[PDB]
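S.K.: What follows is a structure written as structure tokens; I'll ask about it next.
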Amino acid sequence: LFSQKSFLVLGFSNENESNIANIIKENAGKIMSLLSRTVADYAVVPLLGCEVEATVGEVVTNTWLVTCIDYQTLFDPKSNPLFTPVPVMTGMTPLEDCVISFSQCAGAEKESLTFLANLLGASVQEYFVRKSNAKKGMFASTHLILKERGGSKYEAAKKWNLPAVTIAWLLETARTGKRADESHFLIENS
Amino acid sequence: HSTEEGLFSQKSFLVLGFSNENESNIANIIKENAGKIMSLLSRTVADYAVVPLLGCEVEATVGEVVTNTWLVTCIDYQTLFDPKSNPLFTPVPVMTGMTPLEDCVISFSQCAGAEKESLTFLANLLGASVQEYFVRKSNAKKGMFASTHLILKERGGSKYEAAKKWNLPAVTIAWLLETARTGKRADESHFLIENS
Amino acid sequence: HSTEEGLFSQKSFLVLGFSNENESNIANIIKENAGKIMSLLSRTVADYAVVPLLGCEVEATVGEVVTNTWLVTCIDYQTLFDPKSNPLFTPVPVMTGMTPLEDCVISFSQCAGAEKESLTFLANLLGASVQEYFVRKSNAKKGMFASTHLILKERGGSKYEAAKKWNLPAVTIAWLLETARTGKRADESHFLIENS
Amino acid sequence: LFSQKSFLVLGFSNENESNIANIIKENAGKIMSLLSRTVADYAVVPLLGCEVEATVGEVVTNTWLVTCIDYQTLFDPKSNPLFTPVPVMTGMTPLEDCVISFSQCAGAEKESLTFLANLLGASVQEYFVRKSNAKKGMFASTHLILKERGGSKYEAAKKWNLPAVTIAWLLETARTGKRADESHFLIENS
Amino acid sequence: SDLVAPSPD
Amino acid sequence: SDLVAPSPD
């Protein structure tokens with residue numbers, strides 16, 4: 001799949017670096033050296049970015065790599081904001097009182113979105129609920145994050161009058177360190 | 001973009017160099033946006049010192065020296081602008097006593113609010129008249145004076161097209177700031193809006 | 001909507017009741033928009049007397065008595081608003097010395113600029129605190145206080161929905177003005193944003 | 001005052017190190033070198049402690065130094081828990097919903113106690129109040145921390161039914177990362 | 001119910 | 001009052 005493409009792997013622990021290089025080699029890509037050979041076609045970095053000391057082809061995230069392999073398609077890094085480093089105001093937790101459930105998100109995308117929500121202080125629950133329940137251990141949700149009008153959770157947000165917002169809502173919150181105004185990002189206005 | 005988030009939550013400010021009236025007005029605006037006001041005798045270093053557009057003395061250590069122009073602009077757009085992103089957000093260097101724009105008449109385009117108010121202050125300090133409307137001919141009956149210069153930020157808009165059509169100079173804000181900084185009327189040809 | 005038309009072309013103004021600083025600031029703003037400034041000893045009747053929000057003495061005949069809130073609002077939107085279309089454009093009746101809103105905390109929605117500044121002045125005069133952000137719980141660490149009342153103009157928007165969701169009173173500007181006029185905290189139930 | 005005593009200064013920025021060495025020299029103490037001379041009588045370290053690589057006489061905090069100079073008395077480092085490194089469970093904020101006012105605390109002691117309260121997430125207000133007030137910008141207090149039965153704030157805590165607790169309460173909270181039970185540390189039981 | 005289930009996959 | 005003041009020093 002990745003035949004004739006070359007990669008640097010940067011910013012990871014020793015173990016995770018070796019793991020990502022191996023996935024790359026299975027899809028026919030080649031892995032390069034420190035003080036490096038030639039400029040690599042792609043540099044794979046962590047989701048929040050890191051130092052990129054060499055001129056490189058495209059700075060991409062491990063989220064991009066796994067999504068390309070999962071759908072066996074070479075996605076443009078510009079087609080999804082999680083395929084390139086995500087700006088995060090360090091140390092800011094603007095969602096500390098929020099409870100998020102995601103809809104229409106899968107795989108690596110869902111993993112990364114969950115990482116970001118927790119980093120900003122929100123708690124993420126697989127199930128979307130309107131009333132806390134001590135016995136089943138679920139808390140009422142404050143936000144639905146999704147992609148399209150539609151689905152079980154969409155309808156629930158409408159019945160329960162809870163905001164159902166686009167992914168852009170979370171990325172803008174991360175970028176600024178302040179809770180974005182949900183009312184500028186409603187799924188209903190998309 | 002901030003709903004019901006406090007703009008200055010957990011930030012602290014000194015306010016220095018203003019009149020009693022503006023001091024209370026600035027403290028009051030800061031507090032409405034969740035900021036804290038510190039004392040002259042306070043224990044610690046404030047996050048910000050808020051000062052006049054041309055600056056004043058800041059003797060106590062503070063995090064960043066910023067102007068009320070910065071303060072008010074942030075509060076108006078509920079956005080935390082970087083103080084370095086616009087030269088009017090930190091004290092503006094002015095050669096005191098020079099009036100190099102004394103025969104000029106300026107209209108601004110694409111400037112609104114607090115930014116516009118401060119740019120107008122500067123043009124008047126350098127001796128120019130500022131007119132709200134952009135016209136090419138004085139008209140005594142209607143009380144309007146022709147503008148000599150348009151200052152703006154980007155190509156586009158009614159006053160931009162009017163300045164090309166009437167062949168009057170359209171320059172960046174830097175032109176005005178550069179003139180104030182040096183005390184000599186700067187060269188318009190380095191600042192044409194068309195070159196950018 | 002006015003290009004390069006002068007906003008106040010052919011209109012004349014007296015400015016009364018302000019400090020020296022605000023007097024020069026108001027005269028300067030009027031002149032930037034082509035208005036004329038008349039003398040205390042002038043021959044004729046000015047089109048407008050510009051006065052403070054709560055008014056002052058107007059002994060000479062003038063066309064209409066208007067507040068700087070009206071002035072500034074007109075200049076900011078390059079629109080000639082009718083002074084009767086908003087009660088803050090002409091002097092506002094205030095029972096002097098009453099603080100009926102002393103335990104209240106107000107946030108405004110759909111008010112910006114000059115209007116918002118004057119409404120905030122009035123709420124502070126009646127003894128209330130005004131907070132920029134609309135929140136339901138005080139949070140000491142973040143320096144934010146819960147608001148007790150939302151004042152707004154129309155149904156809709158983030159703070160409106162938040163006031164319904166948290167079940168806090170959402171009232172028209174009239175509520176605040178009516179309280180000031182009478183010196184007694186008015187009944188919120190006559191002013192619910194939902195009834196209109 | 002500190003005639004014939006010698007000191008290492010460790011763990012500080014360059015500026016703060018030079019500042020502390022100067023205070024020491026004014027009270028006739030001597031300042032030692034890296035890979036060091038002899039074992040110093042005292043090592044001055046930050047409040048939360050730091051690495052102490054050399055055998056030294058007594059590990060003491062800058063809080064101890066200033067308190068000794070303020071009362072012109074050479075206090076035993078063991079006489080107050082702020083004179084030696086304070087155990088802090090790193091990253092823990094057990095007091096995040098608390099509002100503290102201090103009584104009977106002054107100078108360096110009050111500064112250090114305030115540092116610790118904020119580090120654990122509490123907000124500290126100079127004035128002790130029972131009702132939040134938006135206009136004067138004061139929030140209701142949850143805790144009084146003090147030393148003795150007595151004083152204005154003591155009496156207020158009783159009238160308002162707020163816990164008035166010993167300093168031990170705060171140090172134990174810091175040490176464990178969990179909010180200590182106020183009822184084990186009441187000033188009334190001291 | 002009061003409780004909306006997963007995105008099963 | 002409802003509000004006890006500092007330890008002024």
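By order of appearance in the structure tokens: chains A, B, ..., then residues from 1 within every chain, and ligands from 1 in the order shown.
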As number ranges by chain, please: the residues near residue 177 (chain C) (cut-off 10 Å, only C-alpha atoms, same-chain neighbours under 5 positions excluded).
M.R.: C: 87-88, 92-94, 119, 122-123, 172, 182-183, 186
S.K.: Can you tell me, as a PyMOL selection string, what residues are no more than 6 Å from residue 51 (chain B) when counting only C-alpha atoms, ignoring any on the same chain fewer than 5 positions away?
M.R.: chain B and resi 16-17+67
S.K.: With only C-alpha atoms counted and 10 Å as the cut-off, give the residues of region 51-119 of chain C in contact with region 21-36 of chain C, each with its shortest interatomic distance in Å and the pair that gives it, as a tab-separated table.
M.R.:
```
residue	atom	partner	partner_atom	distance
C:51	CA	C:23	CA	10.0
C:68	CA	C:26	CA	7.7
C:71	CA	C:30	CA	8.1
C:72	CA	C:29	CA	8.2
C:75	CA	C:33	CA	7.4
C:78	CA	C:33	CA	9.3
```
S.K.: Give as a list in words every residue of chain D that touches chain C within 10 Å, counting only C-alpha atoms.
M.R.: residues 96, 97, 98, 99, 118, 121, 122, 123, 124, 125, 132, 133, 134, 135, 136, 137, 138, 139, 140 and 141 of chain D
S.K.: Output N, CA and C atoms for every residue in the selection just made, as a tab-separated table (two decimals), in the first residue's frame.
M.R.:
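So part.tsv came out as:
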```tsv
chain	number	residue	atom	x	y	z
D	96	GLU	N	-9.88	21.54	45.80
D	96	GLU	CA	-10.34	22.37	44.68
D	96	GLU	C	-11.67	23.11	44.93
D	97	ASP	N	-12.57	22.63	45.81
D	97	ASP	CA	-13.80	23.41	46.06
D	97	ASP	C	-13.74	24.26	47.34
D	98	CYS	N	-12.59	24.41	47.95
D	98	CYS	CA	-12.48	25.13	49.21
D	98	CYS	C	-12.01	26.57	49.09
D	99	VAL	N	-12.37	27.36	50.09
D	99	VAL	CA	-12.06	28.78	50.19
D	99	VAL	C	-11.53	29.01	51.58
D	118	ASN	N	-2.96	27.10	47.68
D	118	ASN	CA	-3.24	27.25	46.26
D	118	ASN	C	-2.75	26.06	45.48
D	121	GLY	N	-5.25	23.53	45.29
D	121	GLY	CA	-6.44	23.89	44.55
D	121	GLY	C	-7.37	24.81	45.29
D	122	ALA	N	-7.09	25.09	46.54
D	122	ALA	CA	-8.02	25.96	47.21
D	122	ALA	C	-7.71	27.37	46.74
D	123	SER	N	-8.70	28.25	46.82
D	123	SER	CA	-8.50	29.69	46.68
D	123	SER	C	-8.35	30.34	48.06
D	124	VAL	N	-7.37	31.21	48.26
D	124	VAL	CA	-7.23	31.89	49.55
D	124	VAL	C	-7.61	33.38	49.51
D	125	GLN	N	-8.52	33.80	50.40
D	125	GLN	CA	-9.00	35.18	50.50
D	125	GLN	C	-8.51	35.76	51.81
D	132	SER	N	-21.49	34.95	49.62
D	132	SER	CA	-20.75	35.53	48.51
D	132	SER	C	-21.38	36.88	48.23
D	133	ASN	N	-20.58	37.82	47.74
D	133	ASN	CA	-21.00	39.19	47.36
D	133	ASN	C	-20.42	39.63	46.02
D	134	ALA	N	-21.19	39.60	44.91
D	134	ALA	CA	-20.59	39.98	43.62
D	134	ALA	C	-20.00	41.42	43.60
D	135	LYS	N	-20.69	42.39	44.20
D	135	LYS	CA	-20.22	43.77	44.11
D	135	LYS	C	-18.87	43.96	44.83
D	136	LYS	N	-18.66	43.37	46.03
D	136	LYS	CA	-17.37	43.62	46.68
D	136	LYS	C	-16.31	42.61	46.28
D	137	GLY	N	-16.69	41.65	45.43
D	137	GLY	CA	-15.89	40.56	44.87
D	137	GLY	C	-15.38	39.46	45.79
D	138	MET	N	-16.08	39.20	46.89
D	138	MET	CA	-15.79	38.17	47.89
D	138	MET	C	-16.76	37.00	47.80
D	139	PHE	N	-16.18	35.80	47.93
D	139	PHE	CA	-16.80	34.49	47.97
D	139	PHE	C	-16.90	33.93	49.38
D	140	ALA	N	-17.98	33.18	49.65
D	140	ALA	CA	-18.16	32.59	50.97
D	140	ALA	C	-17.00	31.68	51.31
D	141	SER	N	-16.54	31.72	52.58
D	141	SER	CA	-15.44	30.86	52.99
D	141	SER	C	-15.95	29.51	53.47
```
S.K.: Please indicate the distance in Å from CA of residue 65 (chain A) to CA of residue 44 (chain A), rounded to one decimal place.
M.R.: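 We find that CA of residue 65 (chain A) and CA of residue 44 (chain A) lie 7.7 Å from each other.
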S.K.: Near residue 5 (chain F), within 8 Å and counting only C-alpha atoms, which residues show up once chain neighbours fewer than 6 positions away are dropped, as a ChimeraX atom specification?
M.R.: /D:126-128
S.K.: How many Å separate CA of residue 93 (chain D) from CA of residue 177 (chain D)?
M.R.: 6.7 Å
S.K.: Between C:54, C:111, C:7, C:126, which one has atoms that come closest to residue 81 (chain C), using only C-alpha atoms?
M.R.: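 Looking only at the distances to residue 81 (chain C), the closest residue turns out to be C:7.
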S.K.: Interatomic distance between CA of residue 86 (chain B) and CA of residue 176 (chain B)?
M.R.: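 CA of residue 176 (chain B) lies at a distance of 13.4 Å from CA of residue 86 (chain B).
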S.K.: Can you check which residues of chain A DSSP gives as helix (DSSP H, G or I) on the backbone and send them as an MDAnalysis selection string?
M.R.: chainID A and resid 14:26 62:70 77:79 81:83 107:119 152:160 167:176 182:184 187:189
S.K.: Fewer than 6 positions away in the same chain doesn't count, so skip those; otherwise give me all residues within 9 Å of residue 4 (chain F), counting only C-alpha atoms, as a VMD selection string.
M.R.: chain D and resid 127 to 130 152 to 153 156
S.K.: Neighbouring residues of region 179-182 of chain D were defined as those with any atom within 10 Å, considering only C-alpha atoms; residues of the same chain fewer than 2 positions away were excluded. Please report them as a list in words.
M.R.: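 Non-adjacent residues within range: residues 93, 94, 95, 96, 120, 143, 163, 164, 165, 166, 168, 169, 170, 171, 172, 173, 174, 175, 176, 177, 184, 185, 186 and 187 of chain D.
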S.K.: May I ask which of the residues B:41, B:4, B:14, B:63 is the closest one to chain F, counting only C-alpha atoms?
M.R.: B:41
S.K.: Set the distance at 12 Å and use only C-alpha atoms: which residues neighbour residue 33 (chain A) once local chain neighbours fewer than 2 positions away are removed? I'd like the list as a ChimeraX atom specification.
M.R.: /A:6-10,21,30-31,35-40,43,54
